[PDB]
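Read the single chain below, which is given as C-alpha cells and is the form deposited in one PDB entry.
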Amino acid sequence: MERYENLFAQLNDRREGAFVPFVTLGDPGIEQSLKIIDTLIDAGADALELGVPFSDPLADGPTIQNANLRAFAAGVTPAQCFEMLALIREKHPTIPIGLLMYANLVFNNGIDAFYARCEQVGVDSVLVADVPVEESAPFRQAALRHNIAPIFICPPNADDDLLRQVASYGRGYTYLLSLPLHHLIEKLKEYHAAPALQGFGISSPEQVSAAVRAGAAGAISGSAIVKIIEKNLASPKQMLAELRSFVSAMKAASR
C-alpha cells in the first residue's frame, strides 16, 4: 500500500503538518488500549506509532518503561498485539500504522516472517529501535519485500554519511530526533529522504507549529500520550476525555 505517500500528499495539499501520537499496545489493557487508539484517531491523529511491550526497552525512558510494565501486568503478548493491529486496520483503512519494535521481537521467529505478519495485518512501517543503519540490511530488505516502510532515526549527533544513508534506506518518514535543525531538514530534502517528522520532546501545540515552521512534515509525540494514560489510570472515562482534548489541540497546531 501507499498509506504514507497518500497522507503526505493530502497534507501537502492542505498546507498541513502531520501529528503522530505514540502509544504502547495493550496499555493499560487490551480493551482500554483499543478505545484509546480509536479516541486518538477520532481526535485527529494523522498516523499512529504503536509499541509492542518488550522486557528490555533499552531505547526508552521511564514513561514508556512504565507503559510496558502496565501492559505486562495485563498479560499482553506480541501475538495479542498483532490481533489488536488487525482489528485496528479493519476499522480504519487509510491511517498509516507504524510499529516501534525491539530487534529481538522481530528476529525471534524469523525476520521475514515478522514482516510478512505485519503485511497481513495491514501495518505500514516498522522502526526497530536498536538496529542502527549499519546493521539494518536484513530488516530493510524484509520490510520492503512485504510492502513495509523501514523507518530510521536521524539523531542529534548525525553526520553527513548518516544523513545520506538514512535518506537512501528509509521510507514512509524519517524520524528526526533534533548539527543545526535547519541543516538536518534541508540536507534530508536535498538527499530525497522520506519526509521528516520531528520526534524530540513533542508535548505541546507550540512544538508542533515549530516543527512545521522549520520545514518538517510534522511531529511525533513520543511519550506525551502515555503520560496522560499514566495520570488517569483510575478514571478510564477522564483518560479518554483528556486524550481527546490533547490530540485535538496538537492537531490544530499543525495548520
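Each form is matched to the other, and the largest set of C-alpha atoms that superpose within 1.5 Å is called the rigid core. Heads up: residue numbers just count along the shown sequence, starting at 1.
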Note to self: Given a rigid core fit, name the stretch, 58-66 or 209-217, whose C-alphas are on average farther from the form shown here in 8 other deposited structures of this protein.
What the structure shows: 58-66
Check: Looking at C-alpha RMS in 8 other deposited structures of this protein with the core superposed, is it 102-110 or 136-144 that drifts more?
Finding: 102-110
Note to self: Could you find out if residue 179 - modelled in this structure - is missing from at least a third of the other PDB entries compared that contain residues on either side?
What the structure shows: yes
Margin query: I'd like to know the size of any gap between residue 178 and residue 179, counted in deposited residues with no coordinates: none, 1 to 3, 4 to 9, or 10 or more.
Written below: 10 or more
Check: Which has higher Cα B-factors on average according to the PDB entry: 54-62 or 183-191?
Finding: 183-191
Next item on the list: Output the stretch having the higher mean C-alpha B factor in the entry; the candidates are 90-98 and 71-79.
Entry: 71-79
Check: Whose CA atom has the top B-factor in the entry, of 124, 130, 134, 159?
Finding: 159
Margin query: Please say which third, lowest, middle or highest, residue 229 falls into when its CA temperature factor is compared across its chain.
Written below: middle
Checklist line | Chain-wide C-alpha B factor ranking for residue 49, given as lowest, middle or highest third | finding: lowest
Notebook entry, point to check: Looking at the C-alpha B-factor of residue 251, is it in the lowest, middle or highest third of its chain?
Noted result: middle
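Just so it is clear, the following notes concern the form deposited with a small molecule bound, a form of the same protein that is not shown.
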Checklist line | The unique member of 85, 100, 142, 106 whose heavy atoms fall within 4.5 Å of the small molecule in the entry with it bound | finding: 100
Notebook entry, point to check: Of the residues 222, 28, 53, 195, which one places a heavy atom within 4.5 Å of the small molecule in the entry with it bound?
Noted result: 222
Item checked: Contact flag, residue 185 vs the small molecule in the entry with it bound, heavy atom cut 4.5 Å -> no
Next item on the list: Would you check, heavy atoms only and a 4.5 Å threshold, whether residue 118 touches the small molecule in the entry with it bound?
Entry: no
Notebook entry, point to check: Is the gap between residue 76 and the small molecule in the entry with it bound 4.5 Å or less for some heavy atom pair?
Noted result: no
Notebook entry, point to check: Counting only non-hydrogen atoms and a 4.5 angstroms cut-off, does residue 200 reach the small molecule in the entry with it bound?
Noted result: yes
Margin query: At 4.5 Å by heavy atoms, is each residue in 8, 47 and 124 next to the small molecule in the entry with it bound?
Written below: no
Check: Just one stretch in 32-40, 209-217, 185-193, 53-61 has heavy atoms within 4.5 Å of the small molecule in the entry with it bound, so which one is it?
Finding: 53-61
